[PDB]
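What follows is one structure encoded as structure tokens, with my remarks underneath.
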Protein chains: 2
Amino acid sequence: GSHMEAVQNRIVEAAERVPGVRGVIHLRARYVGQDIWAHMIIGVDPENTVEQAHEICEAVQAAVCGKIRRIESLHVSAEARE
Amino acid sequence: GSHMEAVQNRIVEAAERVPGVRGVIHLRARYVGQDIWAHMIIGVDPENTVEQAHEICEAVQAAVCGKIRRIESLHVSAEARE
């Protein structure tokens, strides 16, 4: 239920502390048993390169999964944000 | 049960990221309903002043309670550690 809300706040806060993240644009997190599977979209600088945006996504995946132990799948993508 | 273990790891990691903490010496955390009440003892530099040790304890209380939302009481004390 709304113990999902507290986990979601953790996910957003963890993603936002990674260098290059300009906000979490979208987060869809689901329980698969006691595990969380999630998809997220982060904002990035429009003038970052596609490669850099991919690096930031992987840094976000690593930070979030590193801080939130119950997460077992996280897909991070990126969109331009000012 | 052992969802307490994951919360306890969060508490120790949060305390250890505060300036002046040389390890968590002791942590006793209990559920009061869905809330956690905790007592912890941190290690500090023997040559810190009593006042500085009190500051570090309050910084730990603030960091931990700030990161772990279900915590509703936390008492932090300090002991000398090399």
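Residues are referred to by chain and number: the chain letter is A, B, ... according to the order shown in the structure tokens, the number counts from 1 in that chain, and ligands are numbered separately from 1 in the order shown.
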So that each row is one residue of chain A with an atom at most 12 Å from chain B, can you give its shortest atom pair and the distance in Å to one decimal, using only C-alpha atoms, rows by chain and rising number, as a Markdown table?
| residue | atom | partner | partner_atom | distance |
| --- | --- | --- | --- | --- |
| A:3 | CA | B:70 | CA | 10.3 |
| A:5 | CA | B:69 | CA | 11.4 |
| A:6 | CA | B:69 | CA | 8.0 |
| A:7 | CA | B:69 | CA | 10.4 |
| A:9 | CA | B:69 | CA | 10.3 |
| A:10 | CA | B:67 | CA | 8.6 |
| A:13 | CA | B:67 | CA | 10.1 |
| A:14 | CA | B:67 | CA | 10.9 |
| A:34 | CA | B:3 | CA | 10.6 |
| A:66 | CA | B:10 | CA | 11.4 |
| A:67 | CA | B:10 | CA | 8.6 |
| A:68 | CA | B:10 | CA | 9.5 |
| A:69 | CA | B:6 | CA | 8.0 |
| A:70 | CA | B:6 | CA | 9.3 |
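Taking atom CA of residue A:24 and atom CA of residue A:37 as endpoints, the distance between them is 16.4 Å.
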Hey, what's within 7 Å of stretch 54-64 of chain B if we count only C-alpha atoms and toss same-chain stuff fewer than 6 positions away? As JSON, numbers by chain, please? {"B": [11, 14, 15, 18, 20, 74, 76, 77, 78]}
At a cut-off of 7 Å, using only C-alpha atoms, what residues contact stretch 25-27 of chain A? Leave out same-chain residues fewer than 2 positions from it and give the result as a ChimeraX atom specification. /A:23,29,39-43
Hey, what does DSSP flag as helix (DSSP H, G or I) within chain B? Can you give it to me as number ranges by chain? B: 3-16, 50-67
Rounded to one decimal, what separation in Å do you get between atom CA of residue A:73 and atom CA of residue A:28?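 Computing it gives 11.6 Å between the two atoms.
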Using DSSP secondary structure from the backbone, list all strand (DSSP E) positions within chain A, as a ChimeraX atom specification. /A:24-32,35-44,71-80
Just-selected residues, N, CA, C and O atoms written as an mmCIF file, in the first residue's frame:
data_model
loop_
_atom_site.group_PDB
_atom_site.id
_atom_site.type_symbol
_atom_site.label_atom_id
_atom_site.label_comp_id
_atom_site.auth_asym_id
_atom_site.auth_seq_id
_atom_site.Cartn_x
_atom_site.Cartn_y
_atom_site.Cartn_z
ATOM 1 N N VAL A 24 13.337 13.801 -11.477
ATOM 2 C CA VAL A 24 12.750 12.536 -11.922
ATOM 3 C C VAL A 24 11.474 12.927 -12.596
ATOM 4 O O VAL A 24 10.646 13.612 -12.022
ATOM 5 N N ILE A 25 11.365 12.581 -13.872
ATOM 6 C CA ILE A 25 10.228 12.930 -14.676
ATOM 7 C C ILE A 25 9.128 11.924 -14.477
ATOM 8 O O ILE A 25 7.936 12.281 -14.446
ATOM 9 N N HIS A 26 9.519 10.659 -14.359
ATOM 10 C CA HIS A 26 8.521 9.579 -14.233
ATOM 11 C C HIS A 26 9.096 8.437 -13.412
ATOM 12 O O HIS A 26 10.307 8.137 -13.516
ATOM 13 N N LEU A 27 8.263 7.882 -12.514
ATOM 14 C CA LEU A 27 8.630 6.727 -11.765
ATOM 15 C C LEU A 27 7.442 5.780 -11.648
ATOM 16 O O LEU A 27 6.392 6.193 -11.163
ATOM 17 N N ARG A 28 7.593 4.551 -12.126
ATOM 18 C CA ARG A 28 6.521 3.507 -11.962
ATOM 19 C C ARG A 28 7.208 2.357 -11.288
ATOM 20 O O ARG A 28 8.224 1.852 -11.814
ATOM 21 N N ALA A 29 6.794 2.090 -10.060
ATOM 22 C CA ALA A 29 7.365 1.051 -9.217
ATOM 23 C C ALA A 29 6.268 0.091 -8.841
ATOM 24 O O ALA A 29 5.184 0.537 -8.526
ATOM 25 N N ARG A 30 6.538 -1.209 -8.902
ATOM 26 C CA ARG A 30 5.555 -2.267 -8.567
ATOM 27 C C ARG A 30 6.211 -3.267 -7.657
ATOM 28 O O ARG A 30 7.396 -3.586 -7.854
ATOM 29 N N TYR A 31 5.413 -3.845 -6.760
ATOM 30 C CA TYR A 31 5.852 -4.973 -5.932
ATOM 31 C C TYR A 31 5.705 -6.262 -6.725
ATOM 32 O O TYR A 31 4.661 -6.502 -7.295
ATOM 33 N N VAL A 32 6.774 -7.064 -6.771
ATOM 34 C CA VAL A 32 6.730 -8.441 -7.253
ATOM 35 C C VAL A 32 7.152 -9.242 -6.042
ATOM 36 O O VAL A 32 8.329 -9.305 -5.712
ATOM 37 N N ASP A 35 9.805 -7.759 -3.598
ATOM 38 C CA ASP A 35 10.765 -7.007 -4.417
ATOM 39 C C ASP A 35 10.089 -5.883 -5.160
ATOM 40 O O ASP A 35 8.930 -5.933 -5.494
ATOM 41 N N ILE A 36 10.835 -4.853 -5.434
ATOM 42 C CA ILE A 36 10.336 -3.787 -6.266
ATOM 43 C C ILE A 36 10.964 -3.915 -7.626
ATOM 44 O O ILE A 36 12.212 -3.981 -7.733
ATOM 45 N N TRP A 37 10.138 -3.850 -8.658
ATOM 46 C CA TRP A 37 10.581 -3.636 -10.053
ATOM 47 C C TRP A 37 10.132 -2.236 -10.471
ATOM 48 O O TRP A 37 8.965 -1.886 -10.293
ATOM 49 N N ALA A 38 11.048 -1.484 -11.050
ATOM 50 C CA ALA A 38 10.768 -0.095 -11.406
ATOM 51 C C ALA A 38 11.255 0.348 -12.768
ATOM 52 O O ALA A 38 12.302 -0.135 -13.277
ATOM 53 N N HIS A 39 10.495 1.273 -13.357
ATOM 54 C CA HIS A 39 10.941 2.055 -14.546
ATOM 55 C C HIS A 39 10.997 3.511 -14.169
ATOM 56 O O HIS A 39 10.006 4.018 -13.637
ATOM 57 N N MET A 40 12.080 4.201 -14.510
ATOM 58 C CA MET A 40 12.141 5.643 -14.287
ATOM 59 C C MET A 40 12.727 6.406 -15.480
ATOM 60 O O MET A 40 13.524 5.873 -16.268
ATOM 61 N N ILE A 41 12.275 7.659 -15.615
ATOM 62 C CA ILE A 41 12.775 8.571 -16.611
ATOM 63 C C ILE A 41 13.322 9.749 -15.818
ATOM 64 O O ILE A 41 12.607 10.318 -14.963
ATOM 65 N N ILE A 42 14.585 10.080 -16.079
ATOM 66 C CA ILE A 42 15.261 11.257 -15.500
ATOM 67 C C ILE A 42 15.355 12.396 -16.496
ATOM 68 O O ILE A 42 15.425 12.155 -17.703
ATOM 69 N N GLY A 43 15.358 13.643 -16.007
ATOM 70 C CA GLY A 43 15.650 14.772 -16.842
ATOM 71 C C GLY A 43 17.172 14.896 -16.960
ATOM 72 O O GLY A 43 17.890 14.702 -15.970
ATOM 73 N N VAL A 44 17.660 15.261 -18.141
ATOM 74 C CA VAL A 44 19.059 15.702 -18.306
ATOM 75 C C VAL A 44 19.186 16.969 -19.107
ATOM 76 O O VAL A 44 18.262 17.403 -19.760
ATOM 77 N N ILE A 71 14.947 -3.326 -4.262
ATOM 78 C CA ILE A 71 14.805 -3.163 -5.703
ATOM 79 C C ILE A 71 15.606 -4.262 -6.466
ATOM 80 O O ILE A 71 16.781 -4.427 -6.241
ATOM 81 N N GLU A 72 14.936 -4.994 -7.328
ATOM 82 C CA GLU A 72 15.534 -6.089 -8.059
ATOM 83 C C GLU A 72 15.584 -5.889 -9.566
ATOM 84 O O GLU A 72 16.258 -6.655 -10.256
ATOM 85 N N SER A 73 14.868 -4.874 -10.061
ATOM 86 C CA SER A 73 14.982 -4.471 -11.453
ATOM 87 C C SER A 73 14.705 -2.980 -11.482
ATOM 88 O O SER A 73 13.731 -2.513 -10.885
ATOM 89 N N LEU A 74 15.588 -2.234 -12.100
ATOM 90 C CA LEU A 74 15.377 -0.816 -12.345
ATOM 91 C C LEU A 74 15.859 -0.462 -13.774
ATOM 92 O O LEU A 74 17.028 -0.726 -14.115
ATOM 93 N N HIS A 75 14.961 0.109 -14.576
ATOM 94 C CA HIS A 75 15.295 0.580 -15.907
ATOM 95 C C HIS A 75 15.236 2.109 -15.819
ATOM 96 O O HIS A 75 14.205 2.674 -15.409
ATOM 97 N N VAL A 76 16.358 2.764 -16.139
ATOM 98 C CA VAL A 76 16.434 4.186 -16.211
ATOM 99 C C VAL A 76 16.620 4.707 -17.649
ATOM 100 O O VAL A 76 17.559 4.334 -18.331
ATOM 101 N N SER A 77 15.730 5.598 -18.090
ATOM 102 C CA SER A 77 15.929 6.324 -19.324
ATOM 103 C C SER A 77 15.952 7.826 -19.026
ATOM 104 O O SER A 77 15.717 8.261 -17.887
ATOM 105 N N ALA A 78 16.257 8.610 -20.041
ATOM 106 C CA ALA A 78 16.515 10.027 -19.916
ATOM 107 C C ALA A 78 15.790 10.811 -20.982
ATOM 108 O O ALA A 78 15.649 10.325 -22.096
ATOM 109 N N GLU A 79 15.377 12.038 -20.636
ATOM 110 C CA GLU A 79 14.794 13.002 -21.533
ATOM 111 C C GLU A 79 15.418 14.371 -21.271
ATOM 112 O O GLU A 79 15.842 14.635 -20.136
ATOM 113 N N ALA A 80 15.441 15.232 -22.299
ATOM 114 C CA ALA A 80 15.900 16.641 -22.139
ATOM 115 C C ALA A 80 15.039 17.396 -21.134
ATOM 116 O O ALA A 80 13.797 17.321 -21.199
#
Distance atom CA of residue B:52-atom CA of residue B:81, one decimal place? 14.3 Å
